[PDB]
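K.L.:
Below you'll find the sequence and an experimental structure to go with it.
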Amino acid sequence: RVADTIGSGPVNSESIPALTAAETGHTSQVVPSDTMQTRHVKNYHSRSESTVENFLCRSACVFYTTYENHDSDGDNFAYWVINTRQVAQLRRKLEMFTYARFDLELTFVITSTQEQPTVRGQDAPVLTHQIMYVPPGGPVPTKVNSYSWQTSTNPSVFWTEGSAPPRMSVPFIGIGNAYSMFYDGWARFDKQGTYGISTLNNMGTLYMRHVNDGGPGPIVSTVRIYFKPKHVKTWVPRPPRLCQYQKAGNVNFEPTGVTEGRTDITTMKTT
Amino acid sequence: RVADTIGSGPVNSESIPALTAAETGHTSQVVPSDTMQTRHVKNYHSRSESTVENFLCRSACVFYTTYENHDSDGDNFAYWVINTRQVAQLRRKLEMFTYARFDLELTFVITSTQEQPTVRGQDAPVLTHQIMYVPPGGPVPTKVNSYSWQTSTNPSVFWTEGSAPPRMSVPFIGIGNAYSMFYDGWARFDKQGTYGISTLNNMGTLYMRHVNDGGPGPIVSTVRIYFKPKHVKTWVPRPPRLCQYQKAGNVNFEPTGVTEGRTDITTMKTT
Amino acid sequence: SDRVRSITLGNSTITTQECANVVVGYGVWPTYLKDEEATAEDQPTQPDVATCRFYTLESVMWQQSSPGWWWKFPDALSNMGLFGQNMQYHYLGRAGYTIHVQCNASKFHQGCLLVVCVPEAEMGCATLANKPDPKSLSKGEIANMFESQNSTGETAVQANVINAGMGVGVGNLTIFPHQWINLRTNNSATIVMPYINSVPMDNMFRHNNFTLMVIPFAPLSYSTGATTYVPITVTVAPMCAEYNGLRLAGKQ
Amino acid sequence: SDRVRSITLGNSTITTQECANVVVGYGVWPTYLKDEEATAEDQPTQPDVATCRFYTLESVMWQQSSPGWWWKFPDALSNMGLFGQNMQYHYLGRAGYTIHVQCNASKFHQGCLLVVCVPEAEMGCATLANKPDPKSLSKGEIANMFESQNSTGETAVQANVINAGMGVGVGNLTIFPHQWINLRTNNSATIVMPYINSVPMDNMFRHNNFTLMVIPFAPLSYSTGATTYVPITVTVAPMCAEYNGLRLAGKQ
Amino acid sequence: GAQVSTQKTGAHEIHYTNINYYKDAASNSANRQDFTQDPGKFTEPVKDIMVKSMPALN
Amino acid sequence: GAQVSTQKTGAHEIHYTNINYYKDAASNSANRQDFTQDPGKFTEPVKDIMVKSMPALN
Ligand SMILES: CCCCCCCCCCCCC/C=C/[C@@H](O)[C@H](N)CO
Ligand SMILES: CCCCCCCCCCCCC/C=C/[C@@H](O)[C@H](N)CO
């Protein structure tokens, strides 16, 4: 909830609220009552929707990729090394903070489409997909039927088409006390090698495939991945990203103007 | 609940219930007992169904539009700028009141159909749609695969065919203390520009699309949108709309007769 | 006694010899804005006696063919003394009004007027694809008139009385605060209107709020010899007027 | 602290970085008229925040030859927003004022102004057998100027500074409420004037009440290079303004 | 926090039970049981009451 | 172990009920009701307070 504006009247003092020294690096706590005659207003406005949690807590696509029912070996299955920097939207939000701690709610939207070399009497049974998460170090699949798909330990989801977006919750899996959105440092003590946020990035890889083996007609499926931070804690706010993004692994940017321009410091015409 | 009719008998007084002065702009509170001999009747009739809430609280189609699986760029996706004036039915009901405050229950009925250039071995996997709400100011999509469909902040629903009408509840999102059904004023202080109810209308836009990308055969899907006011409060009742509607953005009408006519003031023949 | 009446606001008094009661808004009497309902934070001006007084508009003549007249408030008062000056200097304002419509005839005359205040009376254009223009909507303190046939105009208000310019049965204008002036019994109508709007205050130039409509449902009639000049005068008084957002004056 | 200052009236605030105190009338602070002192019986309007606020008049440039300037109140404010509109619609009115004269220079500049409010400053004509004319007396919000030599004119005010236009030693203007703006120490003067008159209220067009006079007793001076443009601005706020006798507007 | 109300039963001859499962009041079902009623606002806005058995115009 | 909280209702004019069904706190719904607020960290990090009505630089 917000502040009531308390009624105030005439003044003729030597207390000067309006005059300060911004050099101190301190934001003035002035309110209308200090510089004009105010009436009393009982303010009921709440700041419920600007809470960091409500700000970040909405599912956002972080990526998508495709794989095919049949066609052999790249095509057959797909994989994605988890990271939140390949999309503009979410990435800019998380990036309004330097460090953050949160749980995640993953939701997957999986859709399928038919490809042109059609075939007659094509009548395919429903499709079931499998998504497997391979923590750093785990044996990774090499083709749609590698032994690793038996997932005796890696977690996986098997989902059938037409049945509602599979979903899971994942804890704060970070190894530090928070996820770092920025890292002005290197991976190696000699500073040779990578520099920047990518040095920290090691959250594993997702692997997806069709379970029912390839039928006559070719089918392509796309897996859209959604992230939803939950139970959010965020520290050290920073300016929102100005320059558009260029690369997923660093902050590289093309210089850009501070704002749009207008004709003179006197123009009321809103752009 | 309604009033009991209290028994009454003969009279011979100088109290004259039947005689009044309607000039006062006051409706007479007469009842049968005042002008005839009444018997007592314990009335159990209730007015439960004429409560403003039960009157408005039934889902009503407010619009529908279509988009296609394949075919490129207008066709591909659809959009609708939310408003309740493009349909006769609902619009006339809300319009029996000048101001209203209420929550909404949106329900969507989405259906798909095959188009003629058919193709052989056409066997399409189930379809998943996405509906996105873009509050005033949000970056709007320009083609089925614009970045804005990642919805990191706008709310969206992903729904698969064959699974029961997606539904949500939306609060009273108005910026005034109530939604105005009428506005005898202008948007600009100089009165140039728009006049009427449309000056207030700024509730955003809905955007829909197929998620699974275009397959061989063309498919067209229609999205029917339902509104159901809930938790209703209504002020300043007005006469029901007589003249049919002509435009969605104003009250423009073609003059029309007050009622149907009959042969003379003496005809009992109901029309 | 009680058909007689006296109302004093400011330095002005109105007296009536034969009225009905006084119809009051929707039972609500006008009052200043409460701190719990307020949003604009600046201290309001509440001139009082200088602004909440009786302003008498131009008179109009009732003839046996008049379909009706209408005026839009606050517009009708935008030029009346200090009430008008306050409207100019302020972004926001709100007020209630006591409306007193006058019309005396003779005992040998007959006729009956509906006097209604229609809150938020959005009007239709005569030509469907256009919007009426400011002046077809309100001529200020000068009454606009309804017509007894479809109005044509490329930017005029569809004024055929039967739909009261709103696309509804004129005969149902009754759910709005009103009184009748049946010459046989009455001679004036007094209606107190509270401020009705979906916001606590509003700009007084770009929004009209309510329209006064005077519509004869039984035409003026009389035998030859009887005076044929029967004017209808309208006197109005703002009530509990407050303004906020002072700055330079004008529209724009 | 205490040379700094902040004054809020209405929606306007004035701040000062280097003042003296604030001189107050004859020790009297302004206040509305009491029932025991009143004679006009009608209920007064006391707009408040809309009329008792800071109005900033035209600026004037101080040059090394300026003899002085003067403005007449209420005249100077007759066109300022609602204060002016209230003056027009009312036969009677009364008010006090907080006068804040501004003038910043540099540390290398020098000069000293007398800022006085002379109640009832009847002025003499340049030519003995005539009366000065309205405009020689007051140019509204535009300052009139004194001269450093006998004014000649057939209907002009005898403006030679040394007699302050009144036939007295300008150096004795001191028994009136005043302050000095010695650039060396000051930069503004603030004077609160209570309503002073031999009647409880008066017409605001036919009587002036008090005249603000700004007169340099030590001339602006500076070395070449220093800015030569040293304006003197005057901001005034009516205080406790009430009016009585509402009617149509104008003079006559 | 289950709420037990009364069903619309009829008149010349029973309860329900509801639990709200969402954090927002807008998610709640309809207020189909609000039977407040005041015609006086529109049927008798006259300042001087108006008794029925009495001579309307004195 | 049902928890009853309050719904977002609005201001000028009700409860829910939740039971957690999973063994892990990460499975829980969002903390949409945490309204803590402290600007002082960023708006006034100055060591020597700073009163408003006072001369900022003494
Ligand atoms: C069966 C499916 C299981 C899926 C498991 C996914 C686990 C990955 C959660 C990743 C949360 C990462 C958010 C990003 C953090 C990075 O910004 C920082 N560079 C790390 O400090
Ligand atoms: C994921 C889907 C989200 C859908 C959100 C839809 C929000 C829009 C609700 C609109 C309620 C509008 C009813 C009409 C009000 C208008 O009559 C008035 N002109 C406004 O004052």
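P.N.:
It's in. Numbering: from 1, shown residues only, chains lettered A, B, ... in the order given. Ligands and ions are numbered 1, 2, ... in the order given.

K.L.:
Look up how far residue B:169 lies from whichever residue of chain E sits closest to ligand 1.
P.N.:
Taking Cβ to the nearest ligand atom, ligand 1 has its nearest neighbour within chain E at residue E:23, 24.9 Å off. Every residue, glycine included, has its C-beta placed from N, CA and C. Per Cβ to Cβ, to the nearest Å, residue E:23 is found 11 Å from residue B:169.

K.L.:
How about residue A:153?
P.N.:
As for residue A:153, its distance to residue B:169 is 42 Å (criterion: Cβ to Cβ).

K.L.:
Comparing the two, which shows the higher neighbour count?
P.N.:
The residue with more neighbours, out of residue A:153 and residue B:169, is residue B:169; 18 against 7, by other Cβ atoms under 10 Å in any protein chain shown.

K.L.:
Spell out the secondary structure type for the more buried one.
P.N.:
Three-state assignment for residue B:169 (DSSP: H, G, I helix; E, B strand; the rest coil): strand.

K.L.:
what's near enough to touch the residue of chain E closest to ligand 1?
P.N.:
Counting by Cβ atoms under 8 Å, 6 or more residues apart in numbering or on different chains, residue E:23 makes contact with F:5, F:7, F:8, F:16, F:32, F:33.

K.L.:
quick one: it from residue F:5, how far?
P.N.:
Counting by Cβ to Cβ - residue E:23 and residue F:5 are separated by 7 Å.

K.L.:
what do you get for residue A:120?
P.N.:
Applying Cβ to Cβ, the value for residue A:120 to residue F:5 is 59 Å.

K.L.:
what residues are up against the residue most central in space within chain E?
P.N.:
Central residue of chain E (Cα atoms, centre = their mean): residue E:35, 1.5 Å from the mean position. Counting by Cβ under 8 Å, 6+ apart, residue E:35 makes contact with B:1, B:46, B:47, B:48, B:51.

K.L.:
So which of the residues you listed reach chain E?
P.N.:
B:1, B:46, B:47, B:48, B:51 (Cβ under 8 Å from any Cβ of the partner chain).

K.L.:
Return the members of those classed as buried.
P.N.:
Buried by 16 or more other Cβ atoms under 10 Å in any protein chain shown: residue B:51, out of the ones next to chain E among the contacts of residue E:35.

K.L.:
Which of the ones next to chain E among the contacts of residue E:35 sits closest to residue A:29?
P.N.:
Checking these against residue A:29 with Cβ to Cβ, the nearest one is residue B:51 at 49.1 Å.

K.L.:
Would you confirm that the closest one contacts residue E:34?
P.N.:
Yes: at 6.2 Å, residue B:51 counts as touching residue E:34 under the criterion of Cβ atoms under 8 Å.

K.L.:
what's the burial count for the closest residue to chain F within chain C?
P.N.:
In chain C, the residue that lies nearest chain F is residue C:36 (7.5 Å; Cβ to the nearest Cβ). By other Cβ under 10 Å, the residues close to residue C:36 number 13.

K.L.:
OK, contacts around it?
P.N.:
Applying Cβ under 8 Å, 6+ apart, we find residue C:36 in contact with A:42, F:12.

K.L.:
For the closest residue to chain D within chain E, give its distance to residue C:32.
P.N.:
Chain D sits closest to residue E:47 of chain E, with a gap of 24.0 Å, by Cβ to the nearest Cβ. For residue E:47, the distance to residue C:32 (Cβ to Cβ) stands at 20 Å.

K.L.:
Can you classify the residue of chain C closest to chain F by secondary structure?
P.N.:
coil.

K.L.:
and it, backbone torsions?
P.N.:
With angles defined as degrees, to the nearest 10, residue C:36 sits at phi -80, psi -20.

K.L.:
So it versus residue A:4, what's the distance?
P.N.:
For residue C:36, the distance to residue A:4 - Cβ to Cβ - is 10 Å.

K.L.:
And for residue C:52?
P.N.:
29 Å.

K.L.:
neighbour-wise, which of those two wins?
P.N.:
For residue C:52 versus residue A:4, neighbours defined as other Cβ under 10 Å are more numerous around residue C:52 (23 against 14).

K.L.:
Got phi/psi on that one?
P.N.:
The phi/psi pair for residue C:52 (degrees, to the nearest 10) is phi -100, psi 80.

K.L.:
What is the neighbour count of residue C:45?
P.N.:
23.

K.L.:
who touches it in this structure?
P.N.:
With contact taken as Cβ under 8 Å, 6+ apart, residue C:45 is in contact with C:86, C:90, C:242, C:243, C:244, C:246, D:47, D:48, D:49, D:50, D:51, D:82.

K.L.:
Any figure for the gap between the closest residue in space to it that isn't next to it in sequence and chain A?
P.N.:
Distances taken as Cβ to Cβ, 6 or more residues apart in numbering or on different chains put residue D:50 closest to residue C:45, at 3.7 Å, once the chain neighbours are dropped. Separation of residue D:50 from chain A (Cβ to the nearest Cβ, to the nearest Å): 10 Å.

K.L.:
Now residue D:50: which helix or strand?
P.N.:
Counting by DSSP states H and E, no helix or strand carries residue D:50.

K.L.:
check which helix or strand covers residue C:64.
P.N.:
Secondary structure assignment for residue C:64, by DSSP H and E: no helix or strand.

K.L.:
and the residue of the stretch 101-250 of chain A found nearest chain C, what are its bridge partners?
P.N.:
Nearest residue of the stretch 101-250 of chain A to chain C (Cβ to the nearest Cβ) works out as residue A:237 at 28.3 Å. Applying DSSP bridges to residue A:237 gives these bridge partners: residue A:97.

K.L.:
so it touches residue A:99, yeah?
P.N.:
No: using Cβ under 8 Å, residue A:237 makes no contact with residue A:99, being 10.3 Å away.

K.L.:
okay, these two: which has more neighbours?
P.N.:
Between residue A:237 and residue A:99, residue A:99 has the larger neighbour count (other Cβ under 10 Å), namely 16 against 12.

K.L.:
May I have the phi/psi pair for residue A:159?
P.N.:
The phi/psi pair for residue A:159 (degrees, to the nearest 10) reads phi -140, psi 140.

K.L.:
what number of residues lie near it?
P.N.:
Other residues within reach of residue A:159 by the criterion other Cβ under 10 Å amount to 19.

K.L.:
For it, which non-adjacent residue is spatially closest?
P.N.:
residue A:166 (4.3 Å).

K.L.:
can you tell me how far that neighbour sits from residue F:14?
P.N.:
Using Cβ to Cβ, one gets 33 Å for the distance from residue A:166 to residue F:14.

K.L.:
The two: which is more packed in?
P.N.:
Neighbours per residue (other Cβ under 10 Å) separate residue A:166 from residue F:14, with residue A:166 holding more: 16 against 11.

K.L.:
Enumerate the residues of chain E near chain F.
P.N.:
Within chain E, the residues that sit near chain F (Cβ under 8 Å from any Cβ) are E:1, E:2, E:19, E:20, E:21, E:22, E:23, E:24, E:25, E:27, E:28.

K.L.:
out of the residues you listed, which one sits closest to residue C:14?
P.N.:
Comparing the residues of chain E next to chain F against residue C:14 with Cβ to Cβ places residue E:25 closest, at 48.5 Å.

K.L.:
coming back round to it: okay, and the common contacts of residue E:23 and residue F:5?
P.N.:
F:16, F:33.
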